[PDB]
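We've got the same protein chain twice here, in two forms, each standing alone as structure tokens: structure 1 and structure 2.
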Structure 1
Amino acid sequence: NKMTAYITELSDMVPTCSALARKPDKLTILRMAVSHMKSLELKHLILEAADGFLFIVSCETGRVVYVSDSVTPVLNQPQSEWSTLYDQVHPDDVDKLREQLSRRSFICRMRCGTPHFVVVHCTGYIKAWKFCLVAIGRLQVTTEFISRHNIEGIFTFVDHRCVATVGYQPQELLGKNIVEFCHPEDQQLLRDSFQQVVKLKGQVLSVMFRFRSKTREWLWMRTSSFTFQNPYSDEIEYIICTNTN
């Protein structure tokens, strides 16, 4: 039944066979497959799968001896423009590059033009031609300030936006507890949510309190807090907070 379904499928796939008034036989069906491919890309599969392109450089000096045209779709450059890989790569990657010049494999962020860099996973090998690298570079898939706390409320992490949001340089904020900056009247409430976000392990509460500015102005703020747990231990390593003016 499956040989026949291959017989039938094959013929459906041979336009020369399936453009016919009837269904012929296997000797014939086998025969017209044979001629239909006796009649009659990988880089498209590559660029269609990973947004990769091929390129060939000299190992001795790092200058290009071949570039696939996929460079234009992949990273917007003209094949005519793609020279020396060192000119194409981010300056902070020259070093890395030079020791990759057995097979080879690495990563580096190369420019795009119309200064923007795109990180590209590179794969290939060295062949003799005083030698050459044969590689494929592929592309990858992808007001408020955020802080983070140990269970007790001590600032373990803050991003620079704290100075824009509360006026304190990170360092002043870090190490201290938040309730040190809360307004007295609101402090249990802050602690409450801290007593709560843990009790409600996993997901968020939000709490609002007057936070101390550096110029000492009490500021209304809303904080969205959730505990973050180890994916292995389920240990509550920290609770993450985004504190929002």
Structure 2
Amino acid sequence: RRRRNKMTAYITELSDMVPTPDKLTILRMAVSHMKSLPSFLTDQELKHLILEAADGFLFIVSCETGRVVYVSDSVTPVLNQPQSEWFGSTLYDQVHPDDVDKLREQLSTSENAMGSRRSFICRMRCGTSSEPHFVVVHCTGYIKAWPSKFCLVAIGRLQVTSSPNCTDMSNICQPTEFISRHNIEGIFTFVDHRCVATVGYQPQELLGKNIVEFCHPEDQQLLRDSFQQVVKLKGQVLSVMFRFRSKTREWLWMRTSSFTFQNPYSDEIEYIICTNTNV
């Protein structure tokens, strides 16, 4: 009778869901209200659901020339581009010039033709105030004969995964910090170009040298103690402030926040990652 405690719950649920009684009467009115209204949802409803879930737009292009046969209105809320720019053009007019060969190979029907699937990433022009700006679009679709007749029917979506830290920039002016990686001995094995603006050294002037070679002697013990902390703290972040030896402004107060990168499998120390910020 766990079978009809769920059936009584089912029938009460159905009663609540119908816009209008004992079990047979509520299920007899269910029948009538069912005939009030073959797939579960309609293609229109499913289109709107998909567009509620995906930041994407549908486009049909000719396989031979890339000519835009159709594009949905969704392209403007997605790509900041009116349908004016897509209709009457080709897909190659919309993509980054370095993606043209890849798109042409995706549009060829020499091995996979009618019904076959396509999956590829490219970069498309967005609406620009100035000089085009490109955004990464994930495209999935299928090849279909179009009543010189093969076409790609595809959807292009943004934000399929999390966005990357493209810049690390938290200002609009000269950078305040730079990221570095170090081995267990403290040797610079990675540094991004912002170091030129923060400490005046080119990346190659830092790589290969130890971080302590750039620290004030009076601070060095402190820097070394903190580093020996983070290799023992296995992942946790520790911050230290010392006098970094710049190339033109003498001794700069610098806050380095460090943590060890643990190998997700072997738990070995791949390197130490530091954010070096001018205090």
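Between two forms, the rigid core is defined as the largest C-alpha subset superposing within 1.5 Å. When a residue number appears, read it as a position in the sequence of structure 1, where counting begins at 1.
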item	value
Core-aligned CA displacement of residue 59 at least 2 Å between the two structures	no
C-alpha of residue 176 off by 2 Å or more between the two structures on rigid core	no
Core fit, then residue 166 C-alpha moves 2 Å or more between the two structures	no
After superposing on the core, C-alpha shift for residue 72 between the two structures in angstrom	2.3
Core superposition result - C-alpha of residue 48, shift between the two structures, Å	0.9
Value in Å for the CA shift of residue 204 between the two structures, taken after the core is superposed	1.4
